[PDB]
Amino acid sequence: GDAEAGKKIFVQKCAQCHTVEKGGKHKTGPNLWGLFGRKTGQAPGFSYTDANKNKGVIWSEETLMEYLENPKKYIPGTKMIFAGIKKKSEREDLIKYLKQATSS
Ligand code: HEM
């Protein structure tokens, strides 16, 4: 994974609805700090759909790779309205960036 490439992908496709830094604001979507190793739908203070709260998996590289390829397929009923990122390489780079930005 290439975090530098990932950072650019984040700005292009995710930043309009998400922040990732510690203490960052919730916007259309939840601030994502602390995401890795945590069960779905647990960002503090964000109002999730029951679907996002109930998916039940632990976010990590593997689960984010599947989710980001097609969000509504992975979480039917989600209010995250976004097509997904088809390219495996792009998802890997994006996730690399997310791991770095949301864990420090
Ligand atoms: C960009 C490609 C992108 C990423 C990365 C991303 C991630 C993401 C995660 C990991 C969650 C779940 C967090 C958790 O379970 O705690 C999540 C949730 C929502 N998102 Fe998102 N998201 C990306 C892009 C976008 C875009 C462009 C929007 C807005 C149009 C958006 C919105 C949302 C919303 C809303 C949620 C909450 C969904 C719910 O059902 O509660 N995301 N995202």
Side-chain angles (χ1 to χ4, degrees):
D2 168 7
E4 271 306 292
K7 176 186 302 182
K8 292 182 183 44
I9 294 163
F10 171 78
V11 171
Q12 184 185 333
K13 305 179 172 181
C14 315
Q16 55 167 44
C17 302
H18 293 281
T19 58
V20 292
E21 77 278 6
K22 188 171 67 71
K25 306 173 185 297
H26 292 319
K27 292 182 179 180
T28 290
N31 158 266
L32 301 171
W33 202 81
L35 185 80
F36 285 71
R38 187 180 72 198
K39 283 186 177 300
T40 62
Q42 288 180 197
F46 183 83
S47 298
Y48 291 93
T49 54
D50 293 334
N52 200 148
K53 281 174 292 148
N54 294 331
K55 179 63 185 183
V57 301
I58 295 177
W59 287 129
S60 65
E61 294 177 2
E62 162 182 22
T63 52
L64 284 170
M65 282 294 282
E66 189 171 342
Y67 175 60
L68 295 176
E69 196 273 342
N70 191 156
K72 71 191 304 193
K73 183 183 183 183
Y74 198 62
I75 303 186
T78 181
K79 68 184 178 187
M80 171 157 138
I81 309 311
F82 173 74
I85 289 167
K86 175 204 295 73
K87 278 289 191 177
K88 181 179 185 164
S89 50
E90 184 167 339
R91 285 178 278 131
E92 289 170 349
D93 294 346
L94 173 58
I95 286 164
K96 182 89 288 180
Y97 169 65
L98 293 177
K99 180 174 164 180
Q100 164 185 287
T102 66
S103 310
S104 55

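Residues take their numbers from the sequence shown, with the count starting at 1. The figures that follow rest on heavy atoms only: side chains count, while hydrogens, waters and symmetry mates do not. Atoms within each ligand, like the ligands themselves, are counted from 1 in listed order.
- Distances below 4.0 Å separate heavy atoms of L98 from the following atoms of ligand 1: 5 (C).
- Close approach of ligand 1 to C17 (heavy-atom distance below 4.0 Å) involves ligand atoms 26 (C), 27 (C), 28 (C), 29 (C), 30 (C), 31 (C), 32 (C).
- Near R38, meaning under 4.0 Å from one of its heavy atoms, ligand 1 places the atoms 16 (O).
- Remark: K53 engages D50 in a salt bridge, criterion side-chain N to carboxylate O under 4.0 Å.
- Of all the atoms in ligand 1, the ones that sit under 4.0 Å from a non-hydrogen atom of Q42 are 16 (O).
- Using a 4.0 Å cut-off to heavy atoms of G41, the atoms of ligand 1 that qualify are 14 (C), 15 (O), 16 (O).
- Atoms of ligand 1 lying under 4.0 Å from at least one heavy atom of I81, given by number and element, are 30 (C).
- Taking atom 22 (N) of ligand 1 as the reference point, the nearest protein heavy-atom neighbour is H18 NE2, 2.9 Å.
- Near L64, the atoms of ligand 1 lying under 4.0 angstrom from a non-hydrogen atom of the residue are 10 (C).
- Each of the following atoms of ligand 1 lies closer than 4.0 Å to a heavy atom of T78: 38 (C), 39 (C), 40 (O).
- Under 4.0 angstrom from ligand 1, the non-hydrogen atoms of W59 all belong to its side chain.
- Below 3.5 Å of separation, one finds no N or O of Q16 facing any N or O of ligand 1.
- Residues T78 and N52 bring no donor and acceptor atom of their side chains to less than 3.5 Å of each other.
- Considering backbone and side-chain N/O of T28, none are found under 3.5 Å from N/O of ligand 1.
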